[PDB]
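Colleague: input-v2.cif is the file, holding mmCIF, C-alpha atoms:
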data_data
loop_
_atom_site.group_PDB
_atom_site.id
_atom_site.type_symbol
_atom_site.label_atom_id
_atom_site.label_comp_id
_atom_site.auth_asym_id
_atom_site.auth_seq_id
_atom_site.Cartn_x
_atom_site.Cartn_y
_atom_site.Cartn_z
ATOM 1 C CA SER A 1 13.042 -18.892 4.762
ATOM 2 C CA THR A 2 13.012 -15.081 4.612
ATOM 3 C CA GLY A 3 12.927 -12.264 2.054
ATOM 4 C CA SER A 4 14.024 -8.616 2.141
ATOM 5 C CA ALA A 5 13.542 -6.009 -0.596
ATOM 6 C CA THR A 6 14.008 -2.278 -0.867
ATOM 7 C CA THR A 7 10.944 -0.208 -1.737
ATOM 8 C CA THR A 8 11.407 3.201 -3.442
ATOM 9 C CA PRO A 9 9.058 6.166 -3.884
ATOM 10 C CA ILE A 10 8.026 6.656 -7.509
ATOM 11 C CA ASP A 11 8.299 10.462 -7.334
ATOM 12 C CA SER A 12 9.188 13.409 -5.120
ATOM 13 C CA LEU A 13 5.807 13.233 -3.356
ATOM 14 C CA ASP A 14 5.815 9.556 -2.292
ATOM 15 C CA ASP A 15 2.649 9.065 -4.378
ATOM 16 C CA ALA A 16 3.462 5.347 -4.293
ATOM 17 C CA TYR A 17 6.328 2.906 -3.735
ATOM 18 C CA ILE A 18 7.789 0.322 -6.104
ATOM 19 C CA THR A 19 9.602 -2.873 -5.156
ATOM 20 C CA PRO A 20 11.551 -5.046 -7.621
ATOM 21 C CA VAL A 21 10.025 -8.493 -8.195
ATOM 22 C CA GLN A 22 11.575 -11.397 -10.158
ATOM 23 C CA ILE A 23 9.041 -13.296 -12.290
ATOM 24 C CA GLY A 24 9.740 -16.344 -14.425
ATOM 25 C CA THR A 25 12.734 -18.302 -15.697
ATOM 26 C CA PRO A 26 15.054 -16.624 -16.537
ATOM 27 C CA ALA A 27 13.968 -13.851 -14.185
ATOM 28 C CA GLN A 28 12.009 -10.937 -15.574
ATOM 29 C CA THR A 29 12.266 -8.134 -13.023
ATOM 30 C CA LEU A 30 9.222 -5.849 -12.728
ATOM 31 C CA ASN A 31 8.717 -2.981 -10.297
ATOM 32 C CA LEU A 32 5.491 -3.662 -8.458
ATOM 33 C CA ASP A 33 3.306 -1.583 -6.166
ATOM 34 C CA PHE A 34 3.021 -3.670 -2.966
ATOM 35 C CA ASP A 35 -0.585 -3.191 -1.846
ATOM 36 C CA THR A 36 -1.861 -4.376 1.561
ATOM 37 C CA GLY A 37 -5.323 -3.190 0.477
ATOM 38 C CA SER A 38 -5.819 -5.688 -2.379
ATOM 39 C CA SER A 39 -5.030 -9.316 -3.137
ATOM 40 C CA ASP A 40 -4.153 -9.589 -6.830
ATOM 41 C CA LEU A 41 -0.650 -9.822 -8.268
ATOM 42 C CA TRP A 42 -1.079 -8.437 -11.755
ATOM 43 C CA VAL A 43 1.449 -7.178 -14.260
ATOM 44 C CA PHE A 44 1.748 -5.242 -17.469
ATOM 45 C CA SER A 45 2.480 -7.895 -20.082
ATOM 46 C CA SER A 46 3.004 -8.901 -23.685
ATOM 47 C CA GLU A 47 -0.790 -9.342 -23.755
ATOM 48 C CA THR A 48 -1.610 -5.777 -22.662
ATOM 49 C CA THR A 49 -3.344 -3.625 -25.285
ATOM 50 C CA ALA A 50 -0.420 -1.856 -27.005
ATOM 51 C CA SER A 51 -2.075 1.577 -26.808
ATOM 52 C CA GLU A 52 -2.344 1.157 -23.032
ATOM 53 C CA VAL A 53 1.366 0.572 -22.431
ATOM 54 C CA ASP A 54 3.520 3.691 -22.070
ATOM 55 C CA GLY A 55 6.977 2.965 -20.689
ATOM 56 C CA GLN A 56 6.212 0.099 -18.315
ATOM 57 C CA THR A 57 8.335 -3.028 -18.211
ATOM 58 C CA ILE A 58 6.222 -5.975 -19.363
ATOM 59 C CA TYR A 59 6.077 -9.647 -18.387
ATOM 60 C CA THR A 60 6.329 -11.963 -21.402
ATOM 61 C CA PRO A 61 5.170 -15.443 -20.308
ATOM 62 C CA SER A 62 6.198 -17.035 -23.619
ATOM 63 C CA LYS A 63 9.804 -16.258 -22.652
ATOM 64 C CA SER A 64 9.552 -17.955 -19.241
ATOM 65 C CA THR A 65 10.195 -21.696 -19.209
ATOM 66 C CA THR A 66 8.265 -22.045 -15.933
ATOM 67 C CA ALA A 67 5.147 -20.104 -17.046
ATOM 68 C CA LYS A 68 1.948 -22.132 -17.454
ATOM 69 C CA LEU A 69 -1.390 -20.716 -18.602
ATOM 70 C CA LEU A 70 -4.038 -21.234 -15.922
ATOM 71 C CA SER A 71 -6.700 -22.638 -18.231
ATOM 72 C CA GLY A 72 -9.926 -20.635 -18.262
ATOM 73 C CA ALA A 73 -9.007 -18.302 -15.425
ATOM 74 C CA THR A 74 -9.685 -14.574 -15.785
ATOM 75 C CA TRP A 75 -9.468 -11.589 -13.474
ATOM 76 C CA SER A 76 -10.976 -8.125 -13.236
ATOM 77 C CA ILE A 77 -10.440 -5.553 -10.508
ATOM 78 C CA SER A 78 -11.473 -1.995 -9.630
ATOM 79 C CA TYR A 79 -9.698 0.053 -6.978
ATOM 80 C CA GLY A 80 -10.903 2.738 -4.575
ATOM 81 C CA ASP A 81 -9.545 5.526 -6.772
ATOM 82 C CA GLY A 82 -11.606 4.411 -9.767
ATOM 83 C CA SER A 83 -8.771 2.684 -11.614
ATOM 84 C CA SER A 84 -9.073 -0.825 -13.036
ATOM 85 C CA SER A 85 -7.397 -3.671 -14.885
ATOM 86 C CA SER A 86 -8.265 -7.129 -16.193
ATOM 87 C CA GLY A 87 -6.909 -10.105 -18.097
ATOM 88 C CA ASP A 88 -5.943 -13.752 -17.818
ATOM 89 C CA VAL A 89 -3.706 -15.788 -15.582
ATOM 90 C CA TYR A 90 -0.447 -17.743 -15.563
ATOM 91 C CA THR A 91 1.309 -19.602 -12.797
ATOM 92 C CA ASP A 92 5.041 -18.931 -12.548
ATOM 93 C CA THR A 93 7.972 -18.617 -10.161
ATOM 94 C CA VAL A 94 7.963 -15.323 -8.271
ATOM 95 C CA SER A 95 10.764 -14.095 -6.015
ATOM 96 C CA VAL A 96 10.832 -11.095 -3.707
ATOM 97 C CA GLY A 97 14.163 -10.130 -2.151
ATOM 98 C CA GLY A 98 15.448 -13.711 -2.091
ATOM 99 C CA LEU A 99 12.160 -15.360 -1.094
ATOM 100 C CA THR A 100 10.806 -17.643 -3.809
ATOM 101 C CA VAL A 101 7.284 -18.932 -4.461
ATOM 102 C CA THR A 102 6.668 -21.542 -7.147
ATOM 103 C CA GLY A 103 3.285 -21.744 -8.869
ATOM 104 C CA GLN A 104 2.302 -18.188 -7.946
ATOM 105 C CA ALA A 105 -0.730 -16.856 -9.807
ATOM 106 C CA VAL A 106 0.583 -14.050 -12.015
ATOM 107 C CA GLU A 107 -2.326 -12.144 -13.468
ATOM 108 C CA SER A 108 -1.569 -10.849 -16.945
ATOM 109 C CA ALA A 109 -3.226 -7.580 -17.935
ATOM 110 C CA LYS A 110 -5.061 -7.429 -21.232
ATOM 111 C CA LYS A 111 -6.628 -4.084 -20.283
ATOM 112 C CA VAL A 112 -5.622 -1.300 -17.868
ATOM 113 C CA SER A 113 -7.291 2.048 -17.125
ATOM 114 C CA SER A 114 -5.713 5.356 -18.111
ATOM 115 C CA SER A 115 -4.162 6.067 -14.695
ATOM 116 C CA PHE A 116 -2.088 2.908 -14.914
ATOM 117 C CA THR A 117 -1.005 3.694 -18.483
ATOM 118 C CA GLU A 118 0.002 7.203 -17.454
ATOM 119 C CA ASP A 119 2.249 5.936 -14.656
ATOM 120 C CA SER A 120 5.336 4.579 -16.414
ATOM 121 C CA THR A 121 7.048 3.675 -13.126
ATOM 122 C CA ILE A 122 4.549 1.038 -11.946
ATOM 123 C CA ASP A 123 4.722 -2.280 -13.801
ATOM 124 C CA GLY A 124 1.923 -3.814 -11.763
ATOM 125 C CA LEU A 125 0.600 -4.506 -8.253
ATOM 126 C CA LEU A 126 1.407 -7.228 -5.698
ATOM 127 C CA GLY A 127 -1.516 -7.651 -3.320
ATOM 128 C CA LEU A 128 -0.907 -8.362 0.355
ATOM 129 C CA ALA A 129 -4.463 -8.263 1.763
ATOM 130 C CA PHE A 130 -6.298 -11.499 2.521
ATOM 131 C CA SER A 131 -6.736 -13.962 -0.330
ATOM 132 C CA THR A 132 -10.529 -13.841 0.061
ATOM 133 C CA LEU A 133 -10.413 -10.590 -1.970
ATOM 134 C CA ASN A 134 -8.609 -12.201 -4.911
ATOM 135 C CA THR A 135 -10.574 -11.614 -8.122
ATOM 136 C CA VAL A 136 -9.490 -14.663 -10.152
ATOM 137 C CA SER A 137 -12.455 -16.600 -11.508
ATOM 138 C CA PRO A 138 -13.654 -19.325 -11.493
ATOM 139 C CA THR A 139 -10.926 -20.484 -9.102
ATOM 140 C CA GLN A 140 -9.816 -17.858 -6.599
ATOM 141 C CA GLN A 141 -6.022 -17.657 -6.148
ATOM 142 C CA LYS A 142 -3.729 -17.010 -3.185
ATOM 143 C CA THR A 143 -1.508 -13.989 -2.541
ATOM 144 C CA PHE A 144 2.268 -14.181 -2.615
ATOM 145 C CA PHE A 145 2.322 -13.921 1.193
ATOM 146 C CA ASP A 146 -0.303 -16.643 1.537
ATOM 147 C CA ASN A 147 1.711 -18.961 -0.704
ATOM 148 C CA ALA A 148 4.965 -18.184 1.148
ATOM 149 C CA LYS A 149 3.638 -18.365 4.711
ATOM 150 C CA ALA A 150 4.283 -22.025 5.484
ATOM 151 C CA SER A 151 7.900 -21.679 4.350
ATOM 152 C CA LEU A 152 8.644 -18.475 6.263
ATOM 153 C CA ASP A 153 10.617 -18.490 9.510
ATOM 154 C CA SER A 154 7.692 -16.588 11.036
ATOM 155 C CA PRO A 155 4.301 -16.021 9.343
ATOM 156 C CA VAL A 156 4.801 -12.256 9.033
ATOM 157 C CA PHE A 157 5.811 -9.472 6.680
ATOM 158 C CA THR A 158 6.785 -5.941 7.632
ATOM 159 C CA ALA A 159 6.439 -2.530 5.949
ATOM 160 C CA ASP A 160 9.072 0.130 6.594
ATOM 161 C CA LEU A 161 8.212 2.941 4.169
ATOM 162 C CA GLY A 162 10.546 5.909 3.874
ATOM 163 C CA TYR A 163 9.672 9.602 3.795
ATOM 164 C CA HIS A 164 11.106 10.917 0.531
ATOM 165 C CA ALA A 165 13.540 8.002 0.821
ATOM 166 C CA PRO A 166 13.798 4.259 0.192
ATOM 167 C CA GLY A 167 12.447 1.743 2.707
ATOM 168 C CA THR A 168 12.062 -2.007 3.138
ATOM 169 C CA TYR A 169 9.608 -4.884 2.896
ATOM 170 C CA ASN A 170 10.716 -7.940 4.877
ATOM 171 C CA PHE A 171 9.104 -11.387 4.804
ATOM 172 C CA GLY A 172 9.456 -13.997 7.516
ATOM 173 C CA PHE A 173 11.245 -11.957 10.168
ATOM 174 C CA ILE A 174 11.193 -8.834 12.297
ATOM 175 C CA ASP A 175 14.288 -6.630 11.999
ATOM 176 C CA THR A 176 14.763 -5.437 15.567
ATOM 177 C CA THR A 177 17.264 -2.785 14.450
ATOM 178 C CA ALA A 178 14.681 -1.095 12.219
ATOM 179 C CA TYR A 179 12.535 0.544 14.937
ATOM 180 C CA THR A 180 12.800 2.274 18.285
ATOM 181 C CA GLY A 181 11.133 1.281 21.555
ATOM 182 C CA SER A 182 8.683 -1.618 21.395
ATOM 183 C CA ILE A 183 6.165 -2.889 18.869
ATOM 184 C CA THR A 184 2.553 -2.473 19.951
ATOM 185 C CA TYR A 185 0.203 -5.119 18.617
ATOM 186 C CA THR A 186 -3.519 -4.565 18.043
ATOM 187 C CA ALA A 187 -6.428 -6.774 16.914
ATOM 188 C CA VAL A 188 -7.341 -7.292 13.254
ATOM 189 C CA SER A 189 -10.703 -8.096 11.665
ATOM 190 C CA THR A 190 -10.433 -10.058 8.417
ATOM 191 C CA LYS A 191 -14.196 -9.824 7.769
ATOM 192 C CA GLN A 192 -13.854 -7.392 4.835
ATOM 193 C CA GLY A 193 -10.644 -9.032 3.622
ATOM 194 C CA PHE A 194 -8.488 -6.112 4.773
ATOM 195 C CA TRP A 195 -5.905 -5.562 7.486
ATOM 196 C CA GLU A 196 -8.621 -3.839 9.486
ATOM 197 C CA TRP A 197 -7.956 -2.486 12.983
ATOM 198 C CA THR A 198 -9.109 0.174 15.463
ATOM 199 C CA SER A 199 -7.034 3.209 16.359
ATOM 200 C CA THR A 200 -7.485 4.456 19.924
ATOM 201 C CA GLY A 201 -7.572 8.117 18.920
ATOM 202 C CA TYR A 202 -5.600 11.127 17.800
ATOM 203 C CA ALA A 203 -3.917 14.448 18.532
ATOM 204 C CA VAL A 204 -3.177 17.527 16.394
ATOM 205 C CA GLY A 205 0.272 19.027 16.905
ATOM 206 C CA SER A 206 0.995 19.508 20.600
ATOM 207 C CA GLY A 207 -2.727 19.296 21.428
ATOM 208 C CA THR A 208 -4.306 16.945 23.951
ATOM 209 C CA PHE A 209 -4.926 13.379 22.859
ATOM 210 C CA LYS A 210 -8.541 12.571 21.978
ATOM 211 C CA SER A 211 -9.538 9.040 22.952
ATOM 212 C CA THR A 212 -11.900 7.752 20.295
ATOM 213 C CA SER A 213 -12.184 4.520 18.327
ATOM 214 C CA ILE A 214 -11.334 4.869 14.644
ATOM 215 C CA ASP A 215 -11.864 1.710 12.599
ATOM 216 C CA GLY A 216 -9.712 1.646 9.463
ATOM 217 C CA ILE A 217 -7.399 -0.369 7.249
ATOM 218 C CA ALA A 218 -3.611 -0.484 6.953
ATOM 219 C CA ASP A 219 -3.222 0.082 3.218
ATOM 220 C CA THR A 220 0.201 0.575 1.606
ATOM 221 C CA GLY A 221 -1.470 1.035 -1.789
ATOM 222 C CA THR A 222 -3.187 4.286 -0.770
ATOM 223 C CA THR A 223 -1.106 7.476 -0.709
ATOM 224 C CA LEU A 224 -2.923 9.556 1.851
ATOM 225 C CA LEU A 225 -4.493 9.270 5.301
ATOM 226 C CA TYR A 226 -8.318 9.208 5.113
ATOM 227 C CA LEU A 227 -10.152 9.815 8.398
ATOM 228 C CA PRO A 228 -13.635 10.890 9.647
ATOM 229 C CA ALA A 229 -14.665 14.449 8.706
ATOM 230 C CA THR A 230 -14.679 15.563 12.365
ATOM 231 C CA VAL A 231 -11.043 14.482 12.796
ATOM 232 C CA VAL A 232 -9.877 15.994 9.514
ATOM 233 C CA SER A 233 -11.685 19.286 10.214
ATOM 234 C CA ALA A 234 -9.975 19.467 13.612
ATOM 235 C CA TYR A 235 -6.567 18.997 11.941
ATOM 236 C CA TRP A 236 -6.952 21.603 9.192
ATOM 237 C CA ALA A 237 -8.483 24.115 11.600
ATOM 238 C CA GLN A 238 -4.959 24.463 13.001
ATOM 239 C CA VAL A 239 -3.569 25.590 9.646
ATOM 240 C CA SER A 240 -4.225 29.244 8.772
ATOM 241 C CA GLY A 241 -5.875 29.555 5.375
ATOM 242 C CA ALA A 242 -6.635 25.857 4.951
ATOM 243 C CA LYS A 243 -10.025 24.919 3.500
ATOM 244 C CA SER A 244 -11.908 22.102 1.793
ATOM 245 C CA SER A 245 -12.176 22.754 -1.957
ATOM 246 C CA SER A 246 -14.788 20.820 -3.912
ATOM 247 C CA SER A 247 -13.164 22.003 -7.145
ATOM 248 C CA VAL A 248 -9.772 20.558 -6.223
ATOM 249 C CA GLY A 249 -11.235 17.544 -4.407
ATOM 250 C CA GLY A 250 -10.137 17.951 -0.802
ATOM 251 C CA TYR A 251 -8.378 20.060 1.791
ATOM 252 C CA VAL A 252 -5.797 22.508 0.426
ATOM 253 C CA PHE A 253 -3.603 24.922 2.343
ATOM 254 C CA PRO A 254 -1.271 27.843 1.641
ATOM 255 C CA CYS A 255 2.095 26.494 0.510
ATOM 256 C CA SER A 256 3.735 29.009 2.890
ATOM 257 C CA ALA A 257 2.241 27.233 5.938
ATOM 258 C CA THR A 258 4.060 25.167 8.529
ATOM 259 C CA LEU A 259 1.984 22.031 9.082
ATOM 260 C CA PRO A 260 1.406 20.627 12.579
ATOM 261 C CA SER A 261 2.092 16.959 13.296
ATOM 262 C CA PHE A 262 -0.681 14.381 13.582
ATOM 263 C CA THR A 263 -0.624 11.629 16.210
ATOM 264 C CA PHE A 264 -2.669 8.431 16.043
ATOM 265 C CA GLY A 265 -3.193 5.889 18.814
ATOM 266 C CA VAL A 266 -2.253 2.209 18.731
ATOM 267 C CA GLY A 267 -3.559 0.801 21.989
ATOM 268 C CA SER A 268 -1.750 2.778 24.666
ATOM 269 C CA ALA A 269 1.025 3.689 22.197
ATOM 270 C CA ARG A 270 1.291 6.741 19.943
ATOM 271 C CA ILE A 271 2.591 7.193 16.389
ATOM 272 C CA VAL A 272 3.520 10.745 15.399
ATOM 273 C CA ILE A 273 3.287 11.813 11.748
ATOM 274 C CA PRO A 274 5.500 14.879 11.281
ATOM 275 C CA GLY A 275 3.830 17.857 9.628
ATOM 276 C CA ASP A 276 6.127 17.671 6.576
ATOM 277 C CA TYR A 277 4.681 14.220 5.826
ATOM 278 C CA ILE A 278 1.252 15.831 5.285
ATOM 279 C CA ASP A 279 2.436 18.197 2.508
ATOM 280 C CA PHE A 280 1.731 16.973 -1.021
ATOM 281 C CA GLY A 281 2.764 20.125 -2.826
ATOM 282 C CA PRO A 282 1.161 22.569 -5.267
ATOM 283 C CA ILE A 283 -2.273 21.499 -6.590
ATOM 284 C CA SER A 284 -0.915 22.355 -10.047
ATOM 285 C CA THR A 285 2.553 23.371 -11.232
ATOM 286 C CA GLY A 286 3.419 26.859 -9.970
ATOM 287 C CA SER A 287 0.379 27.194 -7.699
ATOM 288 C CA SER A 288 0.730 28.564 -4.167
ATOM 289 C CA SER A 289 -2.086 26.282 -3.021
ATOM 290 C CA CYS A 290 -0.871 22.921 -1.710
ATOM 291 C CA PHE A 291 -2.737 19.640 -1.337
ATOM 292 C CA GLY A 292 -3.183 18.142 2.116
ATOM 293 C CA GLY A 293 -2.077 14.642 3.049
ATOM 294 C CA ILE A 294 -4.944 14.105 5.492
ATOM 295 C CA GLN A 295 -8.363 13.967 3.826
ATOM 296 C CA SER A 296 -11.953 13.050 4.744
ATOM 297 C CA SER A 297 -13.064 9.433 4.357
ATOM 298 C CA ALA A 298 -16.715 10.533 4.237
ATOM 299 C CA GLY A 299 -16.974 9.733 0.526
ATOM 300 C CA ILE A 300 -15.165 6.372 0.729
ATOM 301 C CA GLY A 301 -17.079 4.318 3.286
ATOM 302 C CA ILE A 302 -13.995 3.271 5.217
ATOM 303 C CA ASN A 303 -11.088 4.909 7.012
ATOM 304 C CA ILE A 304 -7.698 4.374 5.384
ATOM 305 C CA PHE A 305 -4.364 4.463 7.116
ATOM 306 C CA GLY A 306 -2.445 4.980 3.877
ATOM 307 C CA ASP A 307 1.228 5.736 3.266
ATOM 308 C CA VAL A 308 1.122 9.102 5.076
ATOM 309 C CA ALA A 309 0.426 7.223 8.326
ATOM 310 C CA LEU A 310 2.285 4.003 7.651
ATOM 311 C CA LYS A 311 5.577 5.677 6.636
ATOM 312 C CA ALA A 312 5.742 7.200 10.135
ATOM 313 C CA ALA A 313 5.981 3.677 11.607
ATOM 314 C CA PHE A 314 7.504 0.249 11.411
ATOM 315 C CA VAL A 315 4.489 -1.922 10.685
ATOM 316 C CA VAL A 316 4.166 -5.653 11.299
ATOM 317 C CA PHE A 317 1.552 -7.572 9.341
ATOM 318 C CA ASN A 318 1.213 -10.714 11.452
ATOM 319 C CA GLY A 319 -0.368 -13.573 9.509
ATOM 320 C CA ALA A 320 -0.623 -16.101 12.330
ATOM 321 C CA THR A 321 -3.810 -18.149 12.721
ATOM 322 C CA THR A 322 -5.299 -15.103 14.404
ATOM 323 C CA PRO A 323 -3.798 -12.174 12.484
ATOM 324 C CA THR A 324 -2.705 -8.971 14.225
ATOM 325 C CA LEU A 325 -1.015 -5.671 13.324
ATOM 326 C CA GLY A 326 2.039 -4.246 15.065
ATOM 327 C CA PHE A 327 3.180 -0.607 15.127
ATOM 328 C CA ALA A 328 6.511 0.814 16.304
ATOM 329 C CA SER A 329 8.060 4.267 16.125
ATOM 330 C CA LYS A 330 11.296 4.482 14.161
#
Could you spell out this file's structure in structure tokens?

Modeller:
Amino acid sequence: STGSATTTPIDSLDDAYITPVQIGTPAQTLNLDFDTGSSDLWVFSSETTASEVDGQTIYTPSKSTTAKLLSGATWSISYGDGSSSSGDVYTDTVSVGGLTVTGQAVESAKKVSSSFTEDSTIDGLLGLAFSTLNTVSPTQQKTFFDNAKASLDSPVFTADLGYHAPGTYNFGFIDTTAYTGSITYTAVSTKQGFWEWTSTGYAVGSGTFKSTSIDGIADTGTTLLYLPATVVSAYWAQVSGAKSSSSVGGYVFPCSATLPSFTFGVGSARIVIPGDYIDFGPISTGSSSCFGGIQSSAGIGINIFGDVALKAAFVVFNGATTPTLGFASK
């Protein structure tokens, strides 16, 4: 089997991407944030604290004839940006772009943190990291991909994120019309539960390529590109007026600037992020200071190839016995 669904930026900045997901019988369609950096499928629901719901579409398990409470199971998760959610668990039928999984763990939120409440466009998350990170207790649950894998034509899914435009998540096949040149595959470590790999280096604008190993994760659920301070300093040094602001929380630059591109290495191959991709607009409405899309990972503890990097490529998440990651220009 296969699946194919369109993913759409939630706002003019590509802060995140939502993908329609059918849950239950009859289908309840929720717009979920597909996240290759976590492994929980959780949704706003009829059980979510009323004061913490503000415009989201909710899952109502009582209205699904295929919903079953997973007796005694609970979940609780905290993300890298400080946000969090928790609740209990149902199993139900979940379909993504024509691909159907029965008995999927659907984690129902009783509580969500303010940032989730404040984002009316995201009805929940669908985790696509390795199931070892799943937070369901006392019986850990599998991801949608994990549950689908045996059925898929090929044990893969692909991320084709658009820049200020819709894109595509495919399951079970590689669309050879969706990229240019060839796909370059690189090794993955599953030891931290992430799609963790090692970039071969970087370049700033038309500058010479620096060969250097950068260990990081392919994470569709993170907006920006987080890299070592040395690398990020070298990028912003090429932008007149750019500086790191502790008060704003990262590198900012004059909105009148023209940003240089950023290249990262995948084996012998190169992915080029155009400068426009690195512009996240005024730090506050009407300000002439703009927030940078490449930031230091020094505070985080890991490097993150977030949407800024991934949307410049066609990305293959290969879930074979020995998983790998593939990158192509597009």

Colleague: Might you pull out every residue within 8 Å of stretch 302-308 of chain A, with only C-alpha atoms counted and same-chain residues fewer than 6 positions away left off, and present them as a PyMOL selection string?

Modeller: chain A and resi 16+161+214-228+273+277-278+293-294

Colleague: Exactly which residues make up the result of the PyMOL selection byres ((chain A and resi 187) around 12) on this file, given as a PyMOL selection string?

Modeller: chain A and resi 184-186+188-190+195-200+215-217+266-267+317-320+322-327

Colleague: Select, counting all atoms listed in the file, all protein, DNA and RNA residues no farther than 10 Å from (-5.2, 28.4, 8.6) in file coordinates, and express the selection as a ChimeraX atom specification.

Modeller: /A:236-243,253-254,257-259

Colleague: Using all atoms listed in the file, which of A:105, A:231, A:255, A:73 sits nearest residue A:146?

Modeller: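 Distance minimum relative to residue A:146 lands on A:105.
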
Colleague: One decimal, Å: what's the distance from atom CA of residue A:18 over to atom CA of residue A:249, could you say?

Modeller: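 Distance reported for this atom pair: 25.7 Å.
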
Colleague: List the residues selected by the PyMOL selection byres ((chain A and resi 48) around 12) in the file shown, writing them as a ChimeraX atom specification.

Modeller: /A:42-47,49-54,56-60,85-88,107-113,116-117,123-124

Colleague: Counting only C-alpha atoms, figure out which residue out of A:182, A:31, A:272, A:176 gets nearest to residue A:96.

Modeller: A:31

Colleague: Excluding same-chain residues fewer than 5 positions from residue A:98, what lies within 12 Å of it counting all atoms listed in the file, as a ChimeraX atom specification?

Modeller: /A:1-6,20-22,148,152,169-172

Colleague: Out of A:92, A:15, A:40, A:279, which residue has the shortest atom-to-atom distance to residue A:76 when counting all atoms listed in the file?

Modeller: A:40

Colleague: Show me, as number ranges by chain, the residues that have an atom within 10 Å of residue A:248 when counting only C-alpha atoms, minus same-chain residues fewer than 5 positions from it.

Modeller: A: 283-284, 291

Colleague: Go through A:285, A:89, A:25, A:271 one by one, measure the shortest atom-to-atom distance of each to residue A:181 using all atoms listed in the file, and give the residue with the smallest value.

Modeller: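 Selected residue with least distance to residue A:181: A:271.
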
Colleague: Identify the residues within 10 Å of coordinate (10.3, -20.2, -19.0) (same frame as the file), considering only C-alpha atoms, and give the answer as a list in words.

Modeller: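 With a cut-off of 10 Å, the residues come to residues 23, 24, 25, 26, 27, 60, 61, 62, 63, 64, 65, 66, 67, 68, 92 and 93 of chain A.
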
Colleague: Selected by the PyMOL selection byres ((chain A and resi 166) around 9) in the shown coordinates: which residues, as an NGL selection string?

Modeller: :A and (6-9 or 17 or 160-165 or 167-168)

Colleague: Report the distance between atom CA of residue A:230 and atom CA of residue A:297 in Å, rounded to one decimal place.

Modeller: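 Atom CA of residue A:230 sits 10.2 Å away from atom CA of residue A:297.
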
Colleague: Check the smallest atom-to-atom distance from each of A:175, A:289, A:296, A:201 to residue A:233 using all atoms listed in the file, then report the winner.

Modeller: A:296

Colleague: Could you give me the centre and size, in Å to one decimal, of an axis-aligned box around all listed atoms of stretch 203-212 of chain A with 6 Å added on every side, as lines of an AutoDock Vina configuration file?

Modeller:
center_x = -5.5
center_y = 13.6
center_z = 20.2
size_x = 24.9
size_y = 23.8
size_z = 19.6

Colleague: Using all atoms listed in the file, pick whichever of A:207, A:301, A:274, A:127 has the shortest atom-to-atom distance to residue A:193.

Modeller: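 The answer is A:127, which sits nearest to residue A:193.
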
Colleague: In Å to one decimal, how far is atom CA of residue A:211 from atom CA of residue A:229?

Modeller: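 Value for the atom CA of residue A:229-atom CA of residue A:211 distance: 16.1 Å.
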
Colleague: Set the distance at 8 Å and use all atoms listed in the file: which residues neighbour residue A:144 once local chain neighbours fewer than 2 positions away are removed? I'd like the list as a ChimeraX atom specification.

Modeller: /A:41,101,104,126-128,142,146-148
